Protein chains: 2
Amino acid sequence: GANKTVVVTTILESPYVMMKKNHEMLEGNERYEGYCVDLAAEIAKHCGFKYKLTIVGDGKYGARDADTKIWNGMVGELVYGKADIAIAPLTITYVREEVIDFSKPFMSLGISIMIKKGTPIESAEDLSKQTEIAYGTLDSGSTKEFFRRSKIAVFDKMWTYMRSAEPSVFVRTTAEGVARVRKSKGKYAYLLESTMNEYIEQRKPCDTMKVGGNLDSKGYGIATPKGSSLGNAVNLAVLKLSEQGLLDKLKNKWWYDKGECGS
Amino acid sequence: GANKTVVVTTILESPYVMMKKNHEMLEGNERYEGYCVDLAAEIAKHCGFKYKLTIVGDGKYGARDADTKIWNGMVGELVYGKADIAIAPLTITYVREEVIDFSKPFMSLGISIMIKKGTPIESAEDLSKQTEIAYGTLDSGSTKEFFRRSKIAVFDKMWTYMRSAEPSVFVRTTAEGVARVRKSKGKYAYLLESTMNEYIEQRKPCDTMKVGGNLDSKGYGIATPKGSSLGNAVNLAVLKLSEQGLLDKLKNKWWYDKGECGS
Ligand SMILES: O=C(c1ccc2nccnc2c1)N1CCCCC1
Ligand SMILES: N[C@@H](CCC(=O)O)C(=O)O
Ligand SMILES: N[C@@H](CCC(=O)O)C(=O)O
Ligand SMILES: [Cl-]
Ligand SMILES: [Cl-]
Ligand SMILES: [Cl-]
């Protein structure tokens with residue numbers, strides 16, 4: 001049929017998608033700025049489509065409910081036909097690959113530890129062997145699933161603690177995790193992706209840091225409904241942008257070029 | 001060969017695929033050891049196929065001739081139907097993705113610089129600004145194509161030099177590039193992927209070093225002929241092995257430091 005506007009599901013997650021300063025008098029795609037906003041424009045240019053950025057309604061990345069088997073978040077939007085493509089920091093995982101298509105990765109990451117500066121913690125092993133400093137992850141994402149599924153002793157130990165910690169150590173958004181680290185006087189550490197960790201490390205008041213090596217190694221991919229015709233072109237577009245150095249340029253632009261914690 | 005036996009094309013490249021000690025009295029798959037030999041075993045178990053490891057006939061990764069437009073190397077073997085799958089440190093690139101299928105990446109890497117210890121070079125920029133120290137890359141691989149295509153000033157400058165350098169600065173195998181660094185008294189530097197650079201840096205005679213950051217960021221993938229029925233299962237197997245931590249285990253195993261260099 002005739003060309004239709006492509007519905008892009010994404011998520012309000014800095015610096016991937018953020019509200020522009022004058023958003024209150026702006027409409028459509030103009031309300032937003034960020035790494036994934038720039039990336040969406042580049043993909044659309046290369047693939048020759050018009051698009052509408054839509055923030056995922058439940059504000060989640062995507063998990064499948066164990067009982068109802070229903071997918072939420074951006075994955076749900078794709079699975080249930082509410083969106084045509086997801087352009088966001090969406091982790092390529094086994095369970096998601098079974099239900100949606102992913103491009104080759106546009107960005108690499110690993111789960112990492114965020115602490116308030118001066119917290120006596122250097123590693124996951126350190127966290128697991130003490131009880132004074134609480135720690136948790138984002139809900140409905142690939143990091144929580146990592147711990148839940150791990151058969152590695154240290155990560156299994158951390159999961160056993162986290163899953164039953166009171167009050168809850170899990171947060172609904174990254175911003176909530178960041179606030180908890182910053183306000184807890186060193187008594188909360190946050191488990192999140194190195195990409196987000198490194199970004200926050202560059203934001204005022206410069207009181208957090210990434211500590212230790214990454215716990216794993218993986219990638220974000222652009223997602224489409226399983227068997228979507230858009231998938232092949234989008235995948236080539238990612239590889240082309242990668243090889244032109246444009247992904248490197250976008251990362252530097254949004255993470256470091258206007259970092260607030262110095263040069 | 002036997003029916004239902006998958007023909008695996010691969011390449012002799014340490015520590016991905018190497019000849020075992022006493023291999024001349026060994027037979028079939030038992031002749032070889034290495035990261036990709038182990039990976040092939042795990043992939044085949046997860047997908048339920050028997051397989052035959054074969055070393056690519058021309059010893060090349062794969063490039064398309066500009067005039068004939070014939071593909072050589074492991075890419076050629078998939079393209080012309082001589083192999084069913086490639087399991088090797090084969091870089092996922094735009095031009096290859098157009099002609100073969102790739103799994104999501106099983107290993108990350110970037111182009112990097114290898115010098116003989118003490119060589120006064122700290123970066124690609126340094127290399128481009130001088131003429132005393134020659135430098136080159138592997139023939140018929142993604143590193144050579146990277147420089148050939150780059151619009152980035154420094155890399156553009158390096159390509160202009162390398163393409164006309166005499167005697168040739170290009171080598172047929174990584175081993176020869178390494179030997180050339182070692183024997184050239186600091187007058188040759190070698191551009192190669194960070195994975196191989198780091199392996200060599202830990203091996204005797206401990207006389208080479210990686211300098212500077214990686215020049216790019218990419219991934220190795222398992223490749224199959226376009227539209228091969230093996231593709232989907234192999235891709236899910238890579239993601240499963242990734243999430244179980246088995247790829248990390250294999251990396252630690254074959255990049256294991258016995259302390260040939262220092263403590
Ligand atoms: O997906 C990746 C990966 C690999 C290379 C990348 N290069 C650029 C951007 N993103 C990348 C992601 N992984 C790392 C190695 C083990 C499997 C996960
Ligand atoms: N990128 C993750 C969200 C962040 C996290 O889980 O830490 C996902 O796709 O689920
Ligand atoms: N990994 C490369 C070979 C090594 C190199 O080009 O430096 C390829 O797949 O072509
Ligand atoms: Cl429309
Ligand atoms: Cl298993
Ligand atoms: Cl010329």
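In what follows, chains carry the letters A, B, and so on, assigned in the order in which the sequence lines appear, proteins first and then strands, with residues in each chain numbered from 1.
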Looking only at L247(B), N235(B), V238(B), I152(B), most heavy-atom pairs under 4.5 Å shared with chain A are made by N235(B)

Taking the six-membered ring for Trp, are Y161(B) and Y135(B) parallel (under 30°), tilted (30 to 60°) or perpendicular (over 60°)? tilted

Please flag which part of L236(B) lies under 4.5 Å from any non-hydrogen atom of chain A: side chain, backbone, both or neither. both

Can you tell whether the side chains of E243(B) and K218(A) come within less than 4.0 Å, N to carboxylate O? no

Ion pair check, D139(B) and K144(B), cut-off under 4.0 Å: yes

With a 4.5 Å cut-off on heavy-atom pairs, point out which of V95(A), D248(A), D216(A), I92(A) contacts chain B the most. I92(A)

Go through the atoms of [X] and report whether side chain, backbone, both or neither lie under 4.5 Å from a heavy atom of chain B.
X: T93(A); value: both
X: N232(A); value: neither
X: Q244(A); value: backbone
X: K151(A); value: neither

Donor on one side chain, acceptor on other, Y256(B) and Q202(B), under 3.5 Å: no

Can you find a side-chain donor-acceptor pair between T195(B) and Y220(B) that sits under 3.5 Å? yes

Determine, step by step, whether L192(B) and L138(B) satisfy the side-chain contact (heavy atoms from CB on, under 4.5 Å) criterion, reporting the C-alpha distance in whole Å, the side-chain angles of both residues, the deciding distance to 0.1 Å, and the verdict. CA-CA 7 Å; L192(B) 83 170; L138(B) 183 70; over 6 Å; no

